[PDB]
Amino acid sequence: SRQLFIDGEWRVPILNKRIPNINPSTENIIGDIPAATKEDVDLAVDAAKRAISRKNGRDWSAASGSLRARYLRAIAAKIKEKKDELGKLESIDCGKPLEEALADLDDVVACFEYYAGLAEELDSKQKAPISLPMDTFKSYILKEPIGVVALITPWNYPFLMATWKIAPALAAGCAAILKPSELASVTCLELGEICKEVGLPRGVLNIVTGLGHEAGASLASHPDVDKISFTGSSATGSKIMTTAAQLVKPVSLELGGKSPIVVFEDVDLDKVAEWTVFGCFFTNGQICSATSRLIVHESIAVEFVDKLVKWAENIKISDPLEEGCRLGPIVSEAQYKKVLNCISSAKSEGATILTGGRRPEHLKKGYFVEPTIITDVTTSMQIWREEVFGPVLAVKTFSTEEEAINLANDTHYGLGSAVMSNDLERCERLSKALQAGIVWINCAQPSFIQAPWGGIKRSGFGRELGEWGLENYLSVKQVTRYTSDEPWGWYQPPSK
């Protein structure tokens, strides 16, 4: 089995500890992953520092973008080869249905190809001139890699989230240390073998697996890390930023959400019913930007919600590998219990569990929850307030557009949001009013790698994907030159 990927080969953790890896659908130990600690992390950062240091002959940061692009394209092609096997490992690892995992793999491939392309273009973008009011000065800018980057990623899209950061980071000329989640580490470790098979220069990508408070914390607080890029819980992101503050290092954060989907009356109920079920139940409801607060016009509310109930109850719940699986199990026991507790608390606070809310009868084992719709929701309820990370939808109703937007913005979060109405004039109005980083019109959840992705407010800051994803790993350098041959003439010259 795999060890830590450091400096271009496999290294066993110094303390030789290992973490059990559970299959979410069976509850059986399916294997394990290495548990890295402080000094394992220290080796990773040194290797990354060495990968980009001047006196390295294969200086990754000083290489041309097209050279890095060749590595990225090769990484992509090797992943494309293993598509079917990597997707199967993905499903077993995190619990998402096979068709979802296979789609993620396609996106991984596209993501490396896209940033390979951007890497090629980057050389043309260097030395971009700045127009000045004086003729005595000339000015341009250089786009330089930020340096050594810590990449800390979630378990909901294990391989894709990692790729969302490593592809732009490498394309920019950075050396990376990746810390995937201890709940879903397998495919990211497979990326280490791919790097070996493609001859990625030593130390450019290092993969350190283990516990968040051991490996992750050590990585985040290491003084030689130049930038931390994070995706995960609000609390951990806060701790990570606190740690980064010690040595004043830049940070990008993508944290939870509690995204609204605003459904108006002038809508095809059935088409938008699939979207609202998708926005909340897809990835077993473990989406950062999940549209988990439904805000439906009162005039269609009860018939629209009834449709939702039928769609949701027709969703096939099974082992992720079984043909036709549209919902898998929650990633872990601890997560399962949190999701069930959220449903329990909603019931306790007086809300209605319209459908789901329990373990399905036909599956005795595994962390399975039926798609859950919750109504009679009040704005002070925990279910309205707190991100669930389970297939759980909370429903509220509205009578005016103004009320709809006030309900939509009734959260300290600000990641995603969706508007559903045929009136496109209304959609544009609502897309401006919704306090979010992403606004979907007449759909919910699609993330194209060409378009900037991120949140505002307690959902964090910074943008991934598109050209924004690359910039996240560049710094701007102003090169200003004095063209004239005249003395500056500010101070008095001495005498000679």
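The first residue of the shown sequence is 1; numbering continues from there.
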* Of the two stretches 360 to 368 and 256 to 264, which shows the higher Cα B-factor on average in the entry? -> 360 to 368
* Structure fact -> Entry B factor averaged over C-alpha atoms, 169 to 177 against 99 to 107: higher for 99 to 107
* Which of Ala244, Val149, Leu86, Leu415 ranks first by CA B-factor in the deposited coordinates -> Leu86
* Sort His297, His222, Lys227, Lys82 by C-alpha B-factor from the entry and give me just the highest. => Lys82
* Comparing against every modelled residue in the chain, figure out the third that the C-alpha B-factor of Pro452 lands in (lowest, middle or highest). => lowest
* Compare the C-alpha B factor of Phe278 with those of the other modelled residues in its chain, then answer lowest, middle or highest third. => middle
* Lowest, middle or highest third of the chain for the C-alpha temperature factor of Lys49? -> middle
* To do: Among all modelled residues of this chain, ranked by Cα B factor, put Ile330 in the bottom, middle or top third, i.e. lowest, middle or highest.
  => middle
* **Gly31 CA temperature factor, ranked by third within the chain** => highest
